[PDB]
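**Q** Quick one, structure.cif (mmCIF, C-alpha atoms and all ligand atoms):
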data_my_file
#
loop_
_atom_site.group_PDB
_atom_site.id
_atom_site.type_symbol
_atom_site.label_atom_id
_atom_site.label_comp_id
_atom_site.auth_asym_id
_atom_site.auth_seq_id
_atom_site.Cartn_x
_atom_site.Cartn_y
_atom_site.Cartn_z
ATOM 1 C CA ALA A 4 104.825 131.113 103.909
ATOM 2 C CA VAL A 5 104.253 127.540 105.099
ATOM 3 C CA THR A 6 105.927 126.353 108.311
ATOM 4 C CA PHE A 7 107.082 122.740 108.661
ATOM 5 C CA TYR A 8 107.664 121.199 112.104
ATOM 6 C CA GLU A 9 109.717 118.297 113.462
ATOM 7 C CA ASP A 10 107.183 117.221 116.108
ATOM 8 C CA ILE A 11 103.374 116.976 116.417
ATOM 9 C CA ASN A 12 101.377 120.083 117.426
ATOM 10 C CA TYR A 13 103.962 122.490 115.952
ATOM 11 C CA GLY A 14 106.784 121.109 118.125
ATOM 12 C CA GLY A 15 110.557 120.772 117.726
ATOM 13 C CA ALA A 16 112.612 122.449 114.991
ATOM 14 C CA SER A 17 110.709 124.559 112.466
ATOM 15 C CA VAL A 18 111.479 125.833 108.970
ATOM 16 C CA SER A 19 109.349 128.129 106.800
ATOM 17 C CA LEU A 20 109.149 128.017 103.016
ATOM 18 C CA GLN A 21 107.566 130.249 100.394
ATOM 19 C CA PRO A 22 105.575 128.639 97.544
ATOM 20 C CA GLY A 23 107.595 126.422 95.205
ATOM 21 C CA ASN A 24 108.574 122.900 94.238
ATOM 22 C CA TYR A 25 111.245 121.619 96.594
ATOM 23 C CA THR A 26 113.291 118.455 95.990
ATOM 24 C CA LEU A 27 114.969 116.686 98.934
ATOM 25 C CA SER A 28 118.283 118.461 98.222
ATOM 26 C CA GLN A 29 116.535 121.849 98.351
ATOM 27 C CA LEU A 30 114.774 120.874 101.587
ATOM 28 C CA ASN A 31 118.130 119.807 103.117
ATOM 29 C CA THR A 32 119.673 123.154 102.081
ATOM 30 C CA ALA A 33 116.851 124.875 103.987
ATOM 31 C CA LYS A 34 117.746 122.614 106.972
ATOM 32 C CA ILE A 35 114.745 120.292 106.534
ATOM 33 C CA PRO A 36 115.913 116.673 106.940
ATOM 34 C CA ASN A 37 114.439 113.696 105.083
ATOM 35 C CA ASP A 38 111.500 111.790 106.602
ATOM 36 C CA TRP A 39 111.211 114.333 109.415
ATOM 37 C CA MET A 40 108.009 116.409 109.148
ATOM 38 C CA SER A 41 105.115 115.752 111.578
ATOM 39 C CA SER A 42 103.044 118.960 111.581
ATOM 40 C CA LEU A 43 102.668 122.136 109.532
ATOM 41 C CA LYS A 44 100.947 125.492 109.190
ATOM 42 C CA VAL A 45 99.378 126.427 105.846
ATOM 43 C CA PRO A 46 98.073 129.949 105.067
ATOM 44 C CA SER A 47 94.406 129.987 104.009
ATOM 45 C CA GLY A 48 94.107 129.681 100.219
ATOM 46 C CA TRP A 49 97.328 127.668 99.856
ATOM 47 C CA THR A 50 97.866 123.973 99.111
ATOM 48 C CA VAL A 51 100.747 121.812 100.335
ATOM 49 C CA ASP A 52 101.351 118.532 98.496
ATOM 50 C CA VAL A 53 103.719 116.359 100.537
ATOM 51 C CA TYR A 54 105.521 113.625 98.596
ATOM 52 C CA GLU A 55 106.771 110.313 99.994
ATOM 53 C CA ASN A 56 109.606 110.138 97.442
ATOM 54 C CA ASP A 57 111.958 112.631 95.790
ATOM 55 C CA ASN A 58 111.146 114.648 92.649
ATOM 56 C CA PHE A 59 107.411 114.842 93.439
ATOM 57 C CA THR A 60 106.701 111.114 93.171
ATOM 58 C CA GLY A 61 105.401 108.352 95.456
ATOM 59 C CA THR A 62 102.364 108.850 97.693
ATOM 60 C CA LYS A 63 101.081 112.432 97.993
ATOM 61 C CA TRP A 64 99.351 113.874 101.061
ATOM 62 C CA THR A 65 97.466 117.151 100.666
ATOM 63 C CA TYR A 66 96.962 119.868 103.306
ATOM 64 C CA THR A 67 94.967 123.093 102.878
ATOM 65 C CA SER A 68 95.035 124.321 106.498
ATOM 66 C CA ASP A 69 97.106 124.168 109.707
ATOM 67 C CA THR A 70 97.524 120.629 111.064
ATOM 68 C CA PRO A 71 99.082 119.417 114.355
ATOM 69 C CA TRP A 72 99.255 115.891 112.893
ATOM 70 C CA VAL A 73 99.825 114.909 109.248
ATOM 71 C CA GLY A 74 98.502 111.365 109.872
ATOM 72 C CA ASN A 75 99.967 107.886 110.433
ATOM 73 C CA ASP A 76 100.940 107.310 106.794
ATOM 74 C CA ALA A 77 102.383 110.778 106.103
ATOM 75 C CA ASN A 78 104.322 111.087 109.355
ATOM 76 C CA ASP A 79 108.094 111.300 108.906
ATOM 77 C CA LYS A 80 107.791 110.615 105.167
ATOM 78 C CA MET A 81 108.263 114.020 103.504
ATOM 79 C CA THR A 82 110.988 113.776 100.849
ATOM 80 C CA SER A 83 109.749 116.377 98.373
ATOM 81 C CA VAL A 84 106.966 118.969 98.533
ATOM 82 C CA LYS A 85 104.994 121.373 96.347
ATOM 83 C CA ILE A 86 103.492 124.532 97.826
ATOM 84 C CA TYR A 87 100.998 126.498 95.706
ATOM 85 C CA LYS B 3 89.680 106.381 100.896
ATOM 86 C CA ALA B 4 92.054 104.934 98.281
ATOM 87 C CA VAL B 5 92.038 103.988 94.591
ATOM 88 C CA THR B 6 91.684 100.230 94.137
ATOM 89 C CA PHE B 7 93.170 98.808 90.926
ATOM 90 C CA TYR B 8 91.970 95.416 89.642
ATOM 91 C CA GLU B 9 93.650 92.731 87.513
ATOM 92 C CA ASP B 10 90.543 92.053 85.409
ATOM 93 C CA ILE B 11 87.575 94.071 84.184
ATOM 94 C CA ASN B 12 84.457 94.227 86.399
ATOM 95 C CA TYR B 13 86.668 94.518 89.492
ATOM 96 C CA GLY B 14 87.885 90.951 88.977
ATOM 97 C CA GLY B 15 91.051 89.116 90.000
ATOM 98 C CA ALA B 16 93.903 90.467 92.138
ATOM 99 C CA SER B 17 93.541 93.970 93.616
ATOM 100 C CA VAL B 18 95.767 96.692 95.089
ATOM 101 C CA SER B 19 94.682 99.874 96.881
ATOM 102 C CA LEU B 20 96.732 103.061 96.438
ATOM 103 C CA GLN B 21 96.675 106.449 98.151
ATOM 104 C CA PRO B 22 96.906 109.623 95.997
ATOM 105 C CA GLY B 23 100.302 110.412 94.476
ATOM 106 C CA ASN B 24 102.486 110.270 91.366
ATOM 107 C CA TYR B 25 103.672 106.683 90.924
ATOM 108 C CA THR B 26 106.428 105.672 88.514
ATOM 109 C CA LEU B 27 106.710 102.078 87.286
ATOM 110 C CA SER B 28 109.292 101.310 90.005
ATOM 111 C CA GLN B 29 106.946 102.636 92.698
ATOM 112 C CA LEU B 30 103.920 100.775 91.268
ATOM 113 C CA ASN B 31 105.823 97.468 91.283
ATOM 114 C CA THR B 32 106.939 98.165 94.869
ATOM 115 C CA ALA B 33 103.252 98.645 95.740
ATOM 116 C CA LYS B 34 102.714 95.162 94.170
ATOM 117 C CA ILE B 35 101.098 96.480 90.966
ATOM 118 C CA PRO B 36 102.719 94.814 87.921
ATOM 119 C CA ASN B 37 103.288 96.614 84.616
ATOM 120 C CA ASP B 38 100.649 96.441 81.878
ATOM 121 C CA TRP B 39 98.216 94.698 84.236
ATOM 122 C CA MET B 40 95.398 97.018 85.359
ATOM 123 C CA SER B 41 91.973 96.394 83.784
ATOM 124 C CA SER B 42 89.471 98.104 86.110
ATOM 125 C CA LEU B 43 89.433 100.544 89.029
ATOM 126 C CA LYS B 44 87.395 102.070 91.815
ATOM 127 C CA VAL B 45 87.845 105.814 92.320
ATOM 128 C CA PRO B 46 86.792 107.690 95.491
ATOM 129 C CA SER B 47 84.421 110.642 94.990
ATOM 130 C CA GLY B 48 86.176 113.846 93.819
ATOM 131 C CA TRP B 49 89.424 112.108 92.849
ATOM 132 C CA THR B 50 91.077 111.959 89.423
ATOM 133 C CA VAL B 51 93.237 109.132 88.046
ATOM 134 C CA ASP B 52 95.592 109.793 85.110
ATOM 135 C CA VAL B 53 96.779 106.444 83.732
ATOM 136 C CA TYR B 54 99.949 106.635 81.601
ATOM 137 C CA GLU B 55 101.014 104.151 78.925
ATOM 138 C CA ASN B 56 104.746 104.586 79.571
ATOM 139 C CA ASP B 57 107.035 105.324 82.527
ATOM 140 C CA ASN B 58 107.534 108.736 84.150
ATOM 141 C CA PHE B 59 104.057 109.968 83.174
ATOM 142 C CA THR B 60 104.579 109.818 79.405
ATOM 143 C CA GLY B 61 102.891 108.048 76.487
ATOM 144 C CA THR B 62 99.109 107.959 76.082
ATOM 145 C CA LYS B 63 97.077 109.272 79.027
ATOM 146 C CA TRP B 64 93.644 107.992 80.071
ATOM 147 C CA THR B 65 91.575 109.776 82.729
ATOM 148 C CA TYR B 66 89.062 108.353 85.247
ATOM 149 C CA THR B 67 86.945 110.161 87.852
ATOM 150 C CA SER B 68 84.582 107.398 89.039
ATOM 151 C CA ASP B 69 84.399 103.600 89.460
ATOM 152 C CA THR B 70 85.228 102.144 86.053
ATOM 153 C CA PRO B 71 84.473 98.422 85.431
ATOM 154 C CA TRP B 72 86.015 98.674 81.954
ATOM 155 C CA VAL B 73 88.966 101.061 81.424
ATOM 156 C CA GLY B 74 88.538 100.774 77.650
ATOM 157 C CA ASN B 75 90.288 98.811 74.923
ATOM 158 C CA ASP B 76 93.247 101.202 74.466
ATOM 159 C CA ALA B 77 93.800 101.591 78.214
ATOM 160 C CA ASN B 78 93.439 97.916 79.193
ATOM 161 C CA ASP B 79 96.695 96.301 80.404
ATOM 162 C CA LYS B 80 98.704 99.438 79.581
ATOM 163 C CA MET B 81 99.226 101.204 82.949
ATOM 164 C CA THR B 82 102.960 101.795 83.481
ATOM 165 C CA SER B 83 102.785 104.970 85.585
ATOM 166 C CA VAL B 84 99.908 106.867 87.222
ATOM 167 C CA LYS B 85 98.850 110.162 88.836
ATOM 168 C CA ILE B 86 96.129 110.132 91.492
ATOM 169 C CA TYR B 87 94.950 113.526 92.790
ATOM 170 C CA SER B 88 91.951 115.398 94.208
HETATM 171 CA CA CA C 101 108.757 114.153 112.905
HETATM 172 CA CA CA C 102 110.030 109.714 102.337
HETATM 173 CA CA CA C 103 94.608 92.812 83.321
HETATM 174 CA CA CA C 104 102.291 100.430 79.448
#
In structure tokens, what does this structure look like?
**A**
Amino acid sequence: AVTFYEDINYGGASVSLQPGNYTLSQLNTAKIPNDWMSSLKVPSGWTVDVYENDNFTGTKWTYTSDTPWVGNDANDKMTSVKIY
Amino acid sequence: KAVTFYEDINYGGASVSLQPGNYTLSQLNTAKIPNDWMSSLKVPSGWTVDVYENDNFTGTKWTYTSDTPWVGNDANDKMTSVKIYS
């Protein structure tokens, strides 16, 4: 599973998700708010595509390993996400 | 690294740089890229650009993997939505 974090360097509230394609509604149901994610852990061999807008549209930021900082553009922008 | 779209062939005219992602017509226009406008593009190494004729990634699809001074006659001024990925 992938773990998403509120704050940089794996800080604040955290929620883990198995692979899948999660819309904003599905994220909210798992207690992940909109425009909230700052860091994440990604198991080796997995890809996380973070989308700026809902339904897997808008800018996409790709992570293939643990990161304490998603970057200036990606920070607090996650609205949908694909994990595969 | 970003994809730069140009108004005219040979990287001419107005230009807009875009990060990877799946952009609908609405999102393209918000990024200041008009409909049916793109004529050439620069593509970062190892990136793929899927240019769609219609909205929501439908219609004819043209694919580019390097700097392209001439998108081709069919593709020219037809970009309405686009997927950029590595
Ligand atoms: Ca945050
Ligand atoms: Ca967002
Ligand atoms: Ca043009
Ligand atoms: Ca078109």
**Q** Using only C-alpha atoms, find which residues of chain B lie within 12 Å of chain A and jot them down as a list in words.
**A**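 Result, ordered by chain then number: residues 4, 5, 19, 20, 21, 22, 23, 24, 25, 26, 27, 28, 29, 30, 31, 32, 33, 58, 59, 83, 84, 85, 86, 87 and 88 of chain B.
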**Q** Could you turn the residues from that selection into a file that holds C-alpha atoms, as a tab-separated table (two decimals), keeping the file's coordinate frame?
**A**
chain	number	residue	atom	x	y	z
B	4	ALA	CA	92.05	104.93	98.28
B	5	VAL	CA	92.04	103.99	94.59
B	19	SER	CA	94.68	99.87	96.88
B	20	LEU	CA	96.73	103.06	96.44
B	21	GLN	CA	96.68	106.45	98.15
B	22	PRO	CA	96.91	109.62	96.00
B	23	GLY	CA	100.30	110.41	94.48
B	24	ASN	CA	102.49	110.27	91.37
B	25	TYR	CA	103.67	106.68	90.92
B	26	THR	CA	106.43	105.67	88.51
B	27	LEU	CA	106.71	102.08	87.29
B	28	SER	CA	109.29	101.31	90.00
B	29	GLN	CA	106.95	102.64	92.70
B	30	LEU	CA	103.92	100.78	91.27
B	31	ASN	CA	105.82	97.47	91.28
B	32	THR	CA	106.94	98.16	94.87
B	33	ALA	CA	103.25	98.64	95.74
B	58	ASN	CA	107.53	108.74	84.15
B	59	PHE	CA	104.06	109.97	83.17
B	83	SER	CA	102.78	104.97	85.58
B	84	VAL	CA	99.91	106.87	87.22
B	85	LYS	CA	98.85	110.16	88.84
B	86	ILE	CA	96.13	110.13	91.49
B	87	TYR	CA	94.95	113.53	92.79
B	88	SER	CA	91.95	115.40	94.21
**Q** Within 8 Å of residue B:67, counting all atoms listed in the file, which residues qualify if same-chain residues fewer than 2 places away don't, as a PDB file with C-alpha atoms, keeping the file's coordinate frame?
**A**
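Below you can see part_15.pdb, which holds the result:
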ATOM      1  CA  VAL B  45      87.845 105.814  92.320  1.00  0.00           C
ATOM      2  CA  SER B  47      84.421 110.642  94.990  1.00  0.00           C
ATOM      3  CA  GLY B  48      86.176 113.846  93.819  1.00  0.00           C
ATOM      4  CA  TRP B  49      89.424 112.108  92.849  1.00  0.00           C
ATOM      5  CA  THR B  50      91.077 111.959  89.423  1.00  0.00           C
ATOM      6  CA  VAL B  51      93.237 109.132  88.046  1.00  0.00           C
ATOM      7  CA  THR B  65      91.575 109.776  82.729  1.00  0.00           C
ATOM      8  CA  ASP B  69      84.399 103.600  89.460  1.00  0.00           C
TER       9      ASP B  69
END
**Q** Enumerate as a PyMOL selection string the residues within 7 Å of ligand CA 103 (chain C), counting only C-alpha atoms and all ligand atoms.
**A** chain B and resi 9-10+39-41+78-79
**Q** Given only C-alpha atoms and all ligand atoms as the basis, pick out the residue of A:4, A:27, A:16, A:81 nearest to ligand CA 102 (chain C).
**A**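 Using only C-alpha atoms and all ligand atoms, the shortest distance to ligand CA 102 (chain C) belongs to A:81.
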**Q** In Å, with one decimal, what is the gap from atom CA of residue A:12 to atom CA of residue A:29?
**A**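 Taking atom CA of residue A:12 as the start and atom CA of residue A:29 as the end point, the length is 24.4 Å.
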